[PDB]
């Protein structure tokens, strides 16, 4: 067997916008994903989070599914504008009541809650004031964080400030592909720095309010390999690693500076006098969460942004067109240990999209998803054998859900959702996962 360590947490993950539906129910304010998805042309097939998996109403059934799979941890997010509809000021009781029932039901079933404070659904009221571009967001974020900690910290001891900082900054403000849908490189690198500042203020407030709790942060990561051994290609791959992965945010947290190749490129776009904020940004955290899905080959290209371009390879891909490179999860894990040595690490999301179909007697035979999860879990195990202090792994996702600019066309679940009826069907991957948990590993 590939046996995991004793007490290793096997989990599943979702996010509020992607599964809940009912975005304006019970006094909630609009989010940027609401306005973005309700703008024609931004999301495939005109899809929105208006309904999604109707988790707002079906949450208790969904937790009974988690319990039936036997996951010991559930990473979910809280919708900011359900808690503070104007972003700051008056707290909405109905929003607290919704998540309190989730928390209490989890604890009563001995599932550990991991709460993500921010998983991309910014209150639209704050977007009108510049959102992540406005330096004052660090204080609004601290104040929202306080509200959660003072209401939920008695029961929840594992917290994540922000999910996928790079994506919020770059995809949302440079590429315009996610909310709020901008294309400005200066705004983009301003958001990078403000997300760090908001994380930091959040942690300080956490040390005052949840003294027996653990707080961390989650990064997207890709495994970048150079197209050749030539110095310029190696540098291009290191540049992509420094920009796209955990060093963009951990170099400031651990070393007090942005990574070196990123600075060469982006010094001009960062706030003037950003160095004045470093001391604050450097707050101790309890763990690092890493997401991972795919790898990319990259080369030096003197006519591309940042002198880098991607080179497509003839490797198996998911339905997203993403290349399947399981060894990437091992090098990412081994890389964070070597470069920053965090005392505790989680994979907070790993999974795949494939075009599932419902068979015969209501079964989803997703052999493709099982093979993907197996290969990546085996690499994670190898990372633990080589000293990485990995405490847990979470599958993205529990449920098929709204895949941001892809809409409902991309299914990541270990549980299928029929959107015509809201029926849930556990997939062959879910029963396979359940069995991994029962053996605490592979065989």
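Numbering follows the first chain given and starts at 1.
As the entry records it, the average C-alpha temperature factor is higher for 362 to 370, out of 362 to 370 and 130 to 138. When 287 to 295 is weighed against 100 to 108, 100 to 108 comes out higher, by mean CA B-factor as recorded in the entry. Sorting 315, 162, 353, 174 by the CA temperature factor given in the entry leaves 315 at the top. Among 265, 186, 223, 249, the highest C-alpha B-factor in the deposited entry belongs to 265.
Ranked against the other modelled residues of its chain, the C-alpha B-factor of residue 326 as given in the entry falls in the middle third. For residue 19, the recorded CA temperature factor ranks within the lowest third of the chain's modelled residues. In the PDB entry, residue 255 places in the highest third of its chain by CA B-factor.
In the deposited entry, the Cα temperature factor of residue 219 places it in the lowest third of its chain's modelled residues. Among the modelled residues of its chain, residue 167 has a C-alpha B-factor that falls in the lowest third, as given in the PDB entry.
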